[PDB]
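Values below: all heavy atoms of this structure, side chains included; hydrogens, waters and symmetry mates excluded. First listed ligand is number 1; within each ligand, the first listed atom is number 1. The chain is numbered in sequence order, starting from 1.
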Amino acid sequence: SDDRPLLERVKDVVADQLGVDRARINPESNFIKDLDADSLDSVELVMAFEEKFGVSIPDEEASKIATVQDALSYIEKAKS
Ligand code: NA
Ligand SMILES: [Zn+2]
Ligand SMILES: [Zn+2]
Ligand SMILES: [Zn+2]
Ligand SMILES: [Zn+2]
Ligand SMILES: [Zn+2]
């Protein structure tokens, strides 16, 4: 009914994968621009969202997961 638990858990994956200070992670955080995600970091992060949330993110959708919000919205829609 609100996105708070899934936002918490998305930020958990972002923090585990990228190692950045949790305080820096917000819905508008862009993985490449803000958190210095390189191409390898990005593939692994996508795969972690897939494993952690039991969702599928094919390469055509993966390219569009730019931000924390994108990932949250995608997962929410996948589970709907
Ligand atoms: Na494809
Ligand atoms: Zn947590
Ligand atoms: Zn963890
Ligand atoms: Zn991999
Ligand atoms: Zn977006
Ligand atoms: Zn939502």
Excluding waters, which protein N, O or S atoms are within less than 3.0 Å of the Na ion (ligand 1)? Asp59 OD1, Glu60 OE2
For the Zn ion (ligand 3), the nearest N/O/S atom on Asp16 is atom OD2
What's the spacing between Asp3 CG and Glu76 CD if we round to 0.5 Å? 4.0 Å
Under a 3.5 Å distance rule, please check whether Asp59 uses its side chain to pair with a backbone N or O of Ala62 as donor and acceptor. no
About how large, to 10 degrees, is the angle OD2 of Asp12, then the Zn ion (ligand 2), then OE2 of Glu8? 120°
Residues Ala71 and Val10: closest non-hydrogen pair is CB-CG1, 4.2 Å
Looking at every non-hydrogen atom in both residues, tell me the closest pair between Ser29 and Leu35 and how far apart they are. CB-CD1, 4.4 Å
Under 3.5 Å, side chain of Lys52 to main-chain N/O of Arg9, donor-acceptor pair present? no
Verify, without hydrogens or angle tests, whether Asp16 (side chain) and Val13 (backbone) share a donor-acceptor contact under 3.5 angstrom. no
Could you give me the CA-CA distance, side-chain angles and deciding distance for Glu28 and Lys33, then say whether salt bridge (charged side-chain N to carboxylate O under 4.0 Å, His left out) is met? CA-CA 11 Å; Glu28 291 176 283; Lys33 295 178 193 186; over 6 Å; no
